[PDB]
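Here is what each chain is made of, one letter per residue.
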Amino acid sequence: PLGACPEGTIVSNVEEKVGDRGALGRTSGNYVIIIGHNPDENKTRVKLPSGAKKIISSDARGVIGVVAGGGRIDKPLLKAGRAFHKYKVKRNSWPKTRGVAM
Amino acid sequence: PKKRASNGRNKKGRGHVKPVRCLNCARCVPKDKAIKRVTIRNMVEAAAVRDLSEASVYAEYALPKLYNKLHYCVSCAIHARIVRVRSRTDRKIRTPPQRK
Amino acid sequence: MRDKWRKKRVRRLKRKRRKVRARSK
Amino acid sequence: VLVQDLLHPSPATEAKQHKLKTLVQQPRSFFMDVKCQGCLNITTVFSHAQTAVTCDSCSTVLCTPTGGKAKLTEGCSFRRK
Amino acid sequence: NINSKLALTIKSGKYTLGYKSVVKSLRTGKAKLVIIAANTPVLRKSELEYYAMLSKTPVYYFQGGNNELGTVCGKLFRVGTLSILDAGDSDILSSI
Amino acid sequence: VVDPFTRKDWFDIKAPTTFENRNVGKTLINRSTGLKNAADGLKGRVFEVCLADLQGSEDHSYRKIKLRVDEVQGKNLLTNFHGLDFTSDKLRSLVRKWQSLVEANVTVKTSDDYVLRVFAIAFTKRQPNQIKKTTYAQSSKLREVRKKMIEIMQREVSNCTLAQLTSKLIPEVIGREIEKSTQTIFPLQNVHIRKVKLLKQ
Amino acid sequence: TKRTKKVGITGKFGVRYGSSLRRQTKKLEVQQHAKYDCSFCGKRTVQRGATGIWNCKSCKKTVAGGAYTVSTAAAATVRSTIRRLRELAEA
Amino acid sequence: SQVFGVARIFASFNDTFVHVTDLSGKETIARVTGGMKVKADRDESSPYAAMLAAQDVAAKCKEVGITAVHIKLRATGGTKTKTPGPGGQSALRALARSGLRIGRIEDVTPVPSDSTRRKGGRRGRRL
RNA sequence: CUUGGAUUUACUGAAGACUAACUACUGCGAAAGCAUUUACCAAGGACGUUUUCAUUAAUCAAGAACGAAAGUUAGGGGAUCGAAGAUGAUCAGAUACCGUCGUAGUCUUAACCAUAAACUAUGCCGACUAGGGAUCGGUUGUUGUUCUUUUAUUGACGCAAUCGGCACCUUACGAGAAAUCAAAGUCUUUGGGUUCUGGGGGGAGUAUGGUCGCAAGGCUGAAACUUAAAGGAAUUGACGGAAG
Ligand SMILES: O[C@H](c1cc(C(F)(F)F)nc2c(C(F)(F)F)cccc12)[C@@H]1CCCCN1
Ligand SMILES: [Mg+2]
Ligand SMILES: [Mg+2]
Ligand SMILES: [Mg+2]
Ligand SMILES: [Mg+2]
Ligand SMILES: [Mg+2]
Ligand SMILES: [Mg+2]
Ligand SMILES: [Mg+2]
Ligand SMILES: [Mg+2]
Ligand SMILES: [Mg+2]
Ligand SMILES: [Mg+2]
Ligand SMILES: [Mg+2]
Ligand SMILES: [Mg+2]
Ligand SMILES: [Mg+2]
Ligand SMILES: [Mg+2]
Ligand SMILES: [Mg+2]
Ligand SMILES: [Mg+2]
Ligand SMILES: [Mg+2]
Ligand SMILES: [Mg+2]
Ligand SMILES: [Mg+2]
Ligand SMILES: [Mg+2]
Ligand SMILES: [Mg+2]
Ligand SMILES: [Zn+2]
Ligand SMILES: [Zn+2]
C-alpha cells in the first residue's frame, strides 16, 4: 500500500482507486514517485510519468521498482518494415496519410 | 615589463588554486590573489551599548561579536580604498601597516 | 583590430572559402 | 675565505657534516652488544636494524625498526662496540 | 587481510576446491574450515551448513562471488566453495 | 477586522527536571473551538531556549537546547530534549588561524532507542613556551584524534539514556573526557560536543 | 583482418538510413548483442530474449532488464537505495 | 515573570523585516517591514524607517501581552552579503528605547558550508 | 510575485550540485590539477641503511600516455548560475554595461576533441661561485617548559645539526639595453651533454597539398606582393572621468 512506502519511494503499477488492480505507470521505463503522505486525511501525493501531481488513497497499492524493458525508444526503427511489424500486433493505425494530401 | 616578482598573487610551487567571489561585485578571483580582511566587530555601536545594557534583563551581560572574513578582488579593493597605489620602492614592504 | 576578433573574422572567411569550393567540389 | 686548510678540517665541524660530505665518507652507524635482562648471551645487532631480531636463548624481540636507529625493548641494555 | 591469510594458506597448507570435494571432506571429517562464496545458491549453502553443523566445522562466508574466490585462491577458474584441510603458515582457523 | 489575537490562549512550557528553571516561558495558539482544537496544533512544537537560561549560570551561554512538546496537561506543555548546537558567534570566536581544527561525527543509538548524530570539534593548543608561529598537527594525528573522538562518543552514548546523556552534557563531561583521552596524541583546546541531532522519535 | 573501419555491426545496413542513424543503431545494438555476467552463477552466458528479457544459458535464470542492457541506471539506483536503507542504520 | 517572544530581525540591503514571534517561532505576533512605512524604494531600508517600524511593532506587541524578546538578527546570507543591513541596528535600538525588554541577541545569518554558485557571472557585475 | 495570502517565521520532506571558516609567500602530482568522513585497491618523493646489481645512464627525430575550460554524439540527472533568446531601464542609438526570467551548458555514464597569458612568458641533466632567517618531510644529539598518570618506553614544545623540497630577505664579485637576476653568474679570458625554436614588420598561421576529427576545428604550411621601420627597457614632460 502507498502509505506503507516512505517518501521518495519509486513505485510502479499504482492503483488510482483502491482495488482496480493497477492503472498508473505501466509502460516500459516508467514509474511513479511518492512525494509525501497526509495521514490525517489518509491520502498520498504522487508524481506521475507525465509530471502531474496526483492525490490517491493511501490504501492504494503499487509495485516497488521500475518497469522492465526501458530504453526502448532510444533506438531508431530505421524502417517502414520495422514500424509495420510494430503495429501488426498492436492495431490498424499505420501508415497514416496526411489529411492535406486528401 | 614585470611589475611584481610575485605576479600580484601568492602562488609558488602550485598549479591551480580554487577561486572565491568578491564580496562587492561577485567576481571570480583566485583565492591566493584576493584581498582578505578579517573583521571582528561589535554588533551594537558604542552609542547604543548603554541603553541596550540598561534595557538588558541580565546584569553584566556581554554583547556578542560579529565575526566575518571579507574577500575582495583587486578592483573591489582598490575602488574601496582597502589598498592603495604605492611607489615603486614602497611596493616591496610586506609588514602589516601599523595602525591598530 | 583586436587579435582575437581578427582571428574570428579569419575563421569566418576560411569557412566561406571552404563552402565556396565545396559548391563546385 | 681565501686561505683555509681543506686537508685538515677541525674535527668539531667535521663531525657535524653529513655522512657523504666528509673528506672520506664514513658511516655513523655502529654495532652494539645487547644484554636482555632474562639471560646473558652476546648478540650482535646492527644499530639501524630493519628486522625485529630475537635472541636464540629466549624468544624476546631485542629491537624494533624505526625510521633511523632501532628502538631496543625494555630491560635490554646496549654497549657500543 | 583475509585475502592475505587465504593466499598464505593456499600457498603453504592443504585445501580442496569444489562442492563435491568439500562434501567428501566433511563426511570424512578431514575439514578444518569451509568457506562459501556469497553468490552460491542458498539450497547448496544450507546443505553445506547442515553438513558443517553435523561435522562441527566452522563456516566462513566469503563476501565476493565465486570469481573473486577463485582469483583469491590463485586459480584461473571459479570456486563456489572450498575447504581448508590443513592451515599451514596461516592462522585462518585461529582468526576467522 | 477580527483581531485574531483575541482567540489566542497562552500555555506554559515545562522542561525536563534536568534543568533548574523549569518555567521556560509562555506560548500561544488559537483557542480550541469545535472545528479546531488548540491541542493538536500546539503539540509537536519545538522551542529553542539557551542552556544559560535553563541553568541560570552564564557558563552555558554558548549552548542552546531545543525542546519538543509531545504531551499537554491543561495550560502546561510537557517537552522533551530535541537537540544541542553551539552559537554561531562562539564557533566563529573559536575558529582562529595558525591552528588545526579537527571535527568528527557519529550516528548513534541511545539506551532507549533515541537516534542521534553527535558532532565533536576541537582545536590544537599553542603551548606557553612555544616559539614558532603556527601550531599544526599532522594528518595522521588528526585521524588518530578523530578515531578516539568517535569511540568516545560511541561509548558515552550507547551506555546511557537520553536524559542521562543530557546530564553528562551540562557539565561538558564528554568534551573533557575526550580532551583527557587525547593528551598523549596532541594538545587540544576548546574540546566541545558542538551538536546533537534527533533523527527519529 | 579488421573488416570495417567504423561501421562495425551496422555494416549490414549498407549506405542507407543516414550515418547518424546508423551510428545510433550501432551503439544500442552492440549492447543488445553483448554477453553479460550472470549475477547468480558467475558465467558469461546471459543473452537477451525479447526486449526486457535476459536469460542465462547455464543456470536457466531469466531476469527482467532493460530493452538493450541488463540494467538501466534507474534500476541500479533503486537496487542501491534499497540495499543501503536495509543493510545499514535500519538493519 | 516576563513572557519571552523571539524578535527575528532580518536586515538586508534592500529592506528591513522586524518580525516578532513567540518563543517557539510558529506563531507570529507582529511583522512590520521598513517598506511599509515609507513610499520610496530608495529608503525602504533607511534607519529612520526601520526604527519607526520597530517602534510600531513594539506598540502592537505590548497590547497583546509580550513583555520581553530574544533577538535574532540576520542578514540576507546564502551566496549574498553576510553583513547586516543598516536598518537592523536602528530597529534594535528603537526596540530597546520603546519600553520593550531585550534578552539574548544572536546572529542567525544563513552561512553555507561551501555554496551553490553565485549570481553575477565570472567577471562580476560591472558598472 | 502579491488579500487567490506574497515576503517573513517554525517543523518536515525531495532534488541535484558544492565542500565556507580552518586556508598559509603551506603540502602533493609530469603537467592539466587535487580540500567533508571512513573502508578498500594499487602507486609516490624524501629520509635511514657497513643490504643487493654493477654503467644498467643523460637528452631525445619517428612513435606514444595524460592533457583546464569551452565544444560534439547518446542515455541519466537537470537544484543554482547562465552563452543564445526574451524582457525593464539608460542612451541620439544601443539587439552593451545595470534589473527580472531563461535554452544549450554547468553534474554524471560511454565515446570524441587536444587547445589556453597550458606562464616562472625562464627546456632537461650535471659541476662550481655569497651571506641570513623562517617553513614542510625524514633522521641524529639535547631543556629553569607543559603534559601521560603518578613517572618512565607518552606526546607536544625548546635548542642544535644535517639531507631533500616550496619560497623569501640583503649585496652585486658577476651578468644584462635596462627593468632586473643566486641565476638571467662561471659568455671575445668565447667549448660539460643534449632536444626544440627564431632571422626586420606585414601578407599570415593565409592559400595549396597531406593527415586526424562526426563537426567545430587541430597538426604541417608557402609564395606573389608590400613596407622603413615595427618592437624592448628606461628618462623628462604632458595628460587621467586614479590616489595624497
Ligand atoms: O527519501 C530518499 C529516497 C530516495 C529514493 C530514490 F532515490 F530511489 F528515489 N528511494 C527511497 C526509498 C526507496 F524505497 F528506495 F524507494 C525509500 C526511502 C527513501 C528514498 C532518500 C535518499 C536515499 C537514502 C535515504 N532516502
Ligand atoms: Mg491501414
Ligand atoms: Mg509519421
Ligand atoms: Mg490528390
Ligand atoms: Mg603596463
Ligand atoms: Mg613539487
Ligand atoms: Mg594554469
Ligand atoms: Mg568602474
Ligand atoms: Mg569544511
Ligand atoms: Mg597541509
Ligand atoms: Mg614528436
Ligand atoms: Mg545530455
Ligand atoms: Mg537546466
Ligand atoms: Mg537565474
Ligand atoms: Mg532594449
Ligand atoms: Mg543581465
Ligand atoms: Mg600553442
Ligand atoms: Mg603564473
Ligand atoms: Mg609557451
Ligand atoms: Mg625539521
Ligand atoms: Mg620575417
Ligand atoms: Mg615602451
Ligand atoms: Zn547464470
Ligand atoms: Zn577583473
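Residues numbered from 1 in each chain as written, not as in the entry; some residues may be left out. Chains lettered and ligands numbered in written order. Part of a larger assembly, values for the part shown. Heavy atoms only, no water.

Structure determination for this entry is recorded as cryo-EM, at 3.1 Å resolution.

Under the annotation held in the PDB entry, chain H carries the name 40S ribosomal protein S14-A and is attributed to Candida albicans. Here the PDB entry title reads "Structure of Candida albicans 80S ribosome in complex with mefloquine". Per UniProt, chain H carries the Sequence similarities (unreviewed entry) text "Belongs to the universal ribosomal protein uS11 family." (UniProt positions renumbered as here; feature names shortened; annotations may be inferred.)

By the naming in the PDB entry, chain F is 40S ribosomal protein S1, taken from Candida albicans. Among the UniProt annotations of chain F, the heading Subcellular location (unreviewed entry) holds the following wording: "Cytoplasm".

Moving on, we come to the site of ligand 1. Taken together, the neighbourhood of ligand 1 is formed by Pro6(A), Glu7(A), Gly8(A), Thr9(A), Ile10(A), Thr81(G), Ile82(G) and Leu85(G). Around ligand 1, the nearby residues trace back to chains A and G. At 3.2 Å, a backbone N or O of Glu7(A) approaches an oxygen atom of ligand 1. The contact in question runs from a nitrogen atom of ligand 1 to an N or O atom on the backbone of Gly8(A), over 3.2 Å. In isolation ligand 1 has 500 Å² of accessible area, and contact with the protein removes 59% of it. The element best represented in the shell around ligand 1 is helix α2 (residues 73–86) of chain G, accounting for three residues. (Near = heavy atom within 4 Å. Polar contact = N/O pair within 3.5 Å; in protein donor to acceptor, adjacent residues only side chain to side chain. Areas by Shrake-Rupley, 256 points an atom, 1.4 Å probe, with all protein chains shown as cover. Helix = DSSP H or I, 4+ residues; strand = E, 2+ residues; numbered from the N terminus.)

Let's shift gears to the UniProt feature "binding site: Mg(2+) 3" (unreviewed entry) in chain H. Residue and element names in this part refer to chain H. The feature "binding site: Mg(2+) 3" (unreviewed entry), as annotated in UniProt, sits at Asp-41 and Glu-44 in this numbering. Tracing the backbone through its elements, the reader meets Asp-41 in the loop between β3 (28–33) and α1 (47–62). The exposure class of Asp-41 is exposed, given its relative accessible area of 63%. Along the chain, the position of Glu-44 falls in the loop between β3 and α1. Sequence-distant contacts of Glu-44, defined by excluding residues within four places in its chain, comprise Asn-14, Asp-15, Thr-16, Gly-34, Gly-35, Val-38 and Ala-49. (Buried < 20%, exposed > 50% of the residue type's maximum accessible area, 1.4 Å probe, protein only. Contact = heavy atoms within 4.5 Å.)

All right, on to the interface of chain H and chain F then. Facing 14 residues of chain H, the contacting portion of chain F comprises 25 residues. Between chain H and chain F lies a buried interface of about 1500 Å² when both sides are counted; carbon and sulfur atoms form 56% of it. A per-residue breakdown of the area chain H buries against chain F is headed by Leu23(H), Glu27(H) and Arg104(H), which together make up 37% of the total. Between chain H and chain F we count four salt bridges in total. Note that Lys64(F) and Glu106(H) form a salt bridge whose closest N and O atoms lie 3.0 Å from each other. Taken together, chain H and chain F are joined by three residue pairs in polar contact. Taken together, the elements giving at least two residues each to the side of chain H that touches chain F come down to β3 and β5 (101–107) of chain H. With three residues, the top contributor of residues to the side of chain H that touches chain F is β5(H). (Buried area = accessible area lost by both parts, 1.4 Å probe. Salt bridge = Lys/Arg side-chain N within 4 Å of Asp/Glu carboxyl O.)

The next subject is the UniProt feature "binding site: Mg(2+) 4" (unreviewed entry) in chain H. Mapped onto the present numbering, the UniProt feature "binding site: Mg(2+) 4" (unreviewed entry) falls on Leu127(H). By the secondary structure assignment, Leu127(H) is in the segment after β5.

What follows deals with the interface of chain B and chain H. On the side of chain H, 24 residues touch chain B, which itself brings 22 residues to the contact. Of the roughly 2200 Å² buried between chain B and chain H, counting both surfaces, carbon and sulfur atoms make up 56%. The largest contributions to the chain B side of the interface with chain H come from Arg21(B), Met43(B) and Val57(B), which together make up 25% of the buried area. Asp51(B) is the partner of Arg93(H) in a salt bridge, and the nearest nitrogen-oxygen pair spans 3.3 Å. Where chain B meets chain H, there are 12 residue pairs in polar contact. When residues of the side of chain B that touches chain H are traced back to their parent elements, those giving at least two are α1 (48–54) and β4 (65–72) of chain B.

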